[PDB]
Amino acid sequence: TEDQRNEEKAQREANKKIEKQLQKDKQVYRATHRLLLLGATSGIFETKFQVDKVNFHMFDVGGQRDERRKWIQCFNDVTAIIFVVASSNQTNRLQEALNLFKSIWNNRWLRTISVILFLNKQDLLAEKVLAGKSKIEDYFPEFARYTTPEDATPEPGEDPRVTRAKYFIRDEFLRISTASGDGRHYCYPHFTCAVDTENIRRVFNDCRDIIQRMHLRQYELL
Amino acid sequence: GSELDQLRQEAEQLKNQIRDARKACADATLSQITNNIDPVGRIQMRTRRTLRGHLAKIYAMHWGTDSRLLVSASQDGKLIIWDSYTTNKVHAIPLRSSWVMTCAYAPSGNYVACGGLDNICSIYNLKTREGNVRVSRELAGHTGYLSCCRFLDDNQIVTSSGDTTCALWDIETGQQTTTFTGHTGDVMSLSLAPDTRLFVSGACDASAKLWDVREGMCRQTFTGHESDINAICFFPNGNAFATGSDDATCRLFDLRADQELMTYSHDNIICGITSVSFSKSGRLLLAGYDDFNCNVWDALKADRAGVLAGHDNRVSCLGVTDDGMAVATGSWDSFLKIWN
Amino acid sequence: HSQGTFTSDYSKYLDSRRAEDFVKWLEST
Amino acid sequence: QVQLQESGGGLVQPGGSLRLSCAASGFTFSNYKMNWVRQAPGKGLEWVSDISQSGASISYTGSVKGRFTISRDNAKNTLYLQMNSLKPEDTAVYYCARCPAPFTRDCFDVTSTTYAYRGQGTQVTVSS
Amino acid sequence: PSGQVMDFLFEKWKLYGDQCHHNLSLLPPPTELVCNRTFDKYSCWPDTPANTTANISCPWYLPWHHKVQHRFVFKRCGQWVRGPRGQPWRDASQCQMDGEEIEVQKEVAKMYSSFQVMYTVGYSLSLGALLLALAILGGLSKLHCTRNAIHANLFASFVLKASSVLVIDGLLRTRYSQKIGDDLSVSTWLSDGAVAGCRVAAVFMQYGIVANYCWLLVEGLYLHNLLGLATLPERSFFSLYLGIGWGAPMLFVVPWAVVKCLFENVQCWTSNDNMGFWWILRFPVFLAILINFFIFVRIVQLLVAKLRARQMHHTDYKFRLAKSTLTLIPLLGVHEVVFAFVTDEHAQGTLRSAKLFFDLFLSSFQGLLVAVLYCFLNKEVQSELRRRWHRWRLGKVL
Amino acid sequence: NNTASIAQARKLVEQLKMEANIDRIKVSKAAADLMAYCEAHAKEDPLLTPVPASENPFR
């Protein structure tokens, strides 16, 4: 009849109402980096910002519980996982950051994601090297047989005893990172500094480095 | 702790009261009763419609009771109500939170729920006055990610979240009515009985419990799996259910026999089962694996009848219509394949 | 490009040889 | 039912040796990545040692490297932890866990008082 | 002119013909003069009795009349003699061109016969390997990207290139391989109707060559846009790249055809009599290849910067950098730049024959190399081929 | 040994005392009910027996 072909025509015209909207939203979705802040609105803590006309999208997952083997599978399409680590009744929290990093790096659904990890609170650690009368190689006994690499940048003020303790943790995450990473995804280690207009730029310069390595593996140049 | 290590052993002495009477009530197995009936054969289903509208991976999907419309929630941030006959969209709802892990279509057809990593079930009204899709309620009581939610009617909805609890809501008042504590791990999926007086819920402690909606008590607990439960679905009479998990094994439990009946495992299958669903008669047990294919199991002979492999990425959901006519499959590529 | 100039040289060659074969036809007939 | 019942562990002077063992029951033991977890009094749960699906890959906490040796017997379905030369700060409650999926290399198990696939505990006490 | 020796020969041969008929009409009525001036098809003799060697000059319609101008053609007659029973007969050994130039023409005949089979193999192995590559990029449903879209237009642009050259080589091995009959069997050959099937294939070739260099440029412009841009592109300008690839050749081929039809009209449109009319197709080729070379430099100096870091576990940076740069030359068609600045005008001697071999070897195997380096050895394509090979065998046999 | 954790174990044994007093029927009379259900609704299932295209709404 004419009447059943009248709302069938009005049903197909509802596509152009929203497939024009889906193509409007496909533009804003593909030009937006989705990140993942995890460290070791009450539940997802979304954060938008803007670095050189580039949209970012943070997610803080502190509203969840600590059995994270299920909800971390949501976070496969992110560009990078920002992984902050506190360097500090010694609970050995620094090994806990290593085992969480080793599980993200070896997760079946997270085998394509790079990690931008920030070694944090070295001001708390540069005190505990001098004020600690014994060593904190009681937890890492392979530290006395470790020297500072020659291709390092020791900023002044900190002792080389503090510089040796600062780069040993950085190589300890790259010993996990380079064991099974096989070119699909890398690790971008940093150290925390003055946050405003210097710490977000390190995320910005690494998120270009991930996408420029992403297309070059699609063309098989890397 | 004094007067406690005997209490920990009094529970294990009482689990032995369970498992011997549960064994004493096993005359035979489900295989050697079934093995006289002849199997179904190769069930070659083909992709009829392919729904191309999302942007990111699809976690959930739920049919309507008219078996014509279907909600699909994807983690691009949008929720799309399809039309399964002619591949055209009737709504596209922009969500507030982008990480949505579940969705539901009300059995009347008026409401649609969702939920995810924002710990909030959000009710949407499809039949509003002016003509729009705006939020009715936001059910904010859970302290963990919301993994599954199902309507009982237009007034109340039962949810399952990652804080090891389930809850019975009331959309008019917006607050809980009955909470269902007792799981140890994160509850991943629930499934209502057809009479909507009971439901089951599989969690990440390898145990699917059975709840009573009007009372709020766990009647019986089903432990036969090895690893975390990812799916659950009742057998269509209301006296059995199948249970997918990460050890690549479905298990058809039974309520009145109070134990496992069959085990749907093949040694060439190693990856976990994302979702499960029966057919209309209950003969077929469809089950989507972590691999990019869906396997039909003959739920009585426990032999793989057919394979439906039309997905380029791990399927995240699985839904058979109320008239049993088709099977919708969603996956982590932006596609919904409808099979029959 | 190099395909077009090879085709041009080959076409000039074919035209010159066809002229020579026409003169050979005039001297044969 | 996934059950992890463990034995061993008792009063010992520092320098002596013990041996812990959990005989697993309820799953295919040869498919999972078993591991040991430690909880000192007043502290959080702490990882100790891994063992791979066969016995190839072995990991340790640095503070127990060289002193502890982990062993797996697949035929008897049990997981050994041979402890040599104990320390007075090694007194704790030891659990054996497993990683929640078969055939995987990642683990999410050293967590709070909720975790499914974990033993009940054996007290190890080192003092004099 | 140049490239039209046959038609100009035939025109002035008709002019020589009716000119000497009119100048034979002048002759006074004769006493004796027994055989009396029968016009042969070659030239025309006056009235001669007792004529054991009669001498007139070589005819001026020949294409080499500047070299045979100072010589005489001989014929003797009662009646004009037929020696080997060919009913006209004469001594045409003086007006015939020399043996050195026909030996040099034999050598260049072997040269053009060796080049023409060199790329016929090259265009055949490309035209087969691309149609198999278009079936993979069309059928296999995971591979539908924006990247594989501009691959598949490039692969369909070498197919338009390689087929349009094999047609115009077949239409020249058809046209210049016939026999020569009467003048009406030659005036039916030098007509605009007998070449109209060949002039369409000339424009169909010249469009297909320039549409190759525009689609090499597009994938030069697409991969350059994807680098330096911080994100994925929003709009994904595939309506803009498909207009540069297929439409910008029509901005240069159409102003060629309406000049080649008006001013410079020869048998087929494959002969470039005027260089200036030939610069309006090298201009979208020089400007395309040069831009591709500029992109090539800037990708490689970025591809080294992604190897200065992560260098200790690479430890060599030589083999794969030599692999990643040699797999980009076919895609950007950077090989053409080596002999680009030696143009058609300046290449004269064996450099001319060396330019037409270095380009024509590599530009014919280029359609083979991009189907191998970007379809048949892409590891995501081999992942999806190994998946559909298993679901066919496990689904049917097991 | 925390007193808040010993009552959680009392919540465990109170649930198991309610799971032990339940009337279980045997498997041979409970597995035979499932194949009796699949047989009675066998012809009303459009996925085992395929459907002609005049009734199938998806083609």
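Just so it is clear, A, B, C, D, E and F label the chains in written order, and each chain counts residues from 1 on its own.
The rule is short, and it goes like this: a residue touches a chain if its C-beta (ideal position, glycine included) is under 8 Å from a C-beta of that chain, and two chains touch if they have at least 3 such contacts.
Of the two chain pairs examined here, A-D and B-D, it is A-D that is joined by more C-beta pairs in contact. A separation of 89 Å divides the Cα centre of chain C from that of chain F.
Between the Cα centres of chain A and chain F there is a gap of 43 Å.
Distance between chain C and chain E, defined via averaged C-alpha coordinates, is recorded as 15 Å. For the pair chain B and chain E, the distance between mean C-alpha positions equals 66 Å. Counting only residues that touch two or more partner chains, chain D has 100, 114. Shared interface positions of chain A, i.e. residues touching 2 or more other chains, are given as 65, 67, 69, 108. Across the assembly, chain B contributes residues 8, 15, 185, 204, 228 that each touch 2 or more other chains. Across the assembly, chains come into contact as A-B, A-D, A-E, B-D, B-E, B-F, C-E.
On chain A, the positions that touch chain B within their shared complex are 8, 11-12, 14-15, 18-19, 21-22, 25-26, 29, 41-44, 46, 57, 59, 61, 63-65, 67, 69-71, 74, 76-77, 108. Within the complex formed with chain D, the residues of chain A that make contact are 65-69, 89, 91-92, 95-96, 99, 102-104, 106-108, 138-142, 180.
Within the complex formed with chain C, the chain E residues making contact are 2-6, 9-10, 13, 41-42, 62-63, 86, 88, 92, 96-97, 105, 108-109, 112, 115-116, 165, 168, 172, 176, 180, 186, 205-206, 209-210, 213, 267-268, 270-272, 278, 281-282, 285, 336, 339, 344, 355-356, 359-360, 363.
Across the interface of their complex, chain B is touched by residues 1-2, 26-28, 100-103, 114, 116-117, 120 of chain D.
Contact residues on chain B toward chain F in their complex (touch as defined above): 1, 3-4, 7-8, 10-11, 14-15, 17-18, 21-22, 25-30, 33-34, 37, 40, 43, 45, 48-49, 84-85, 182, 217-221, 235-237, 239-240, 254, 256-259, 261, 279-284, 299-300, 320, 323-327, 338, 340.
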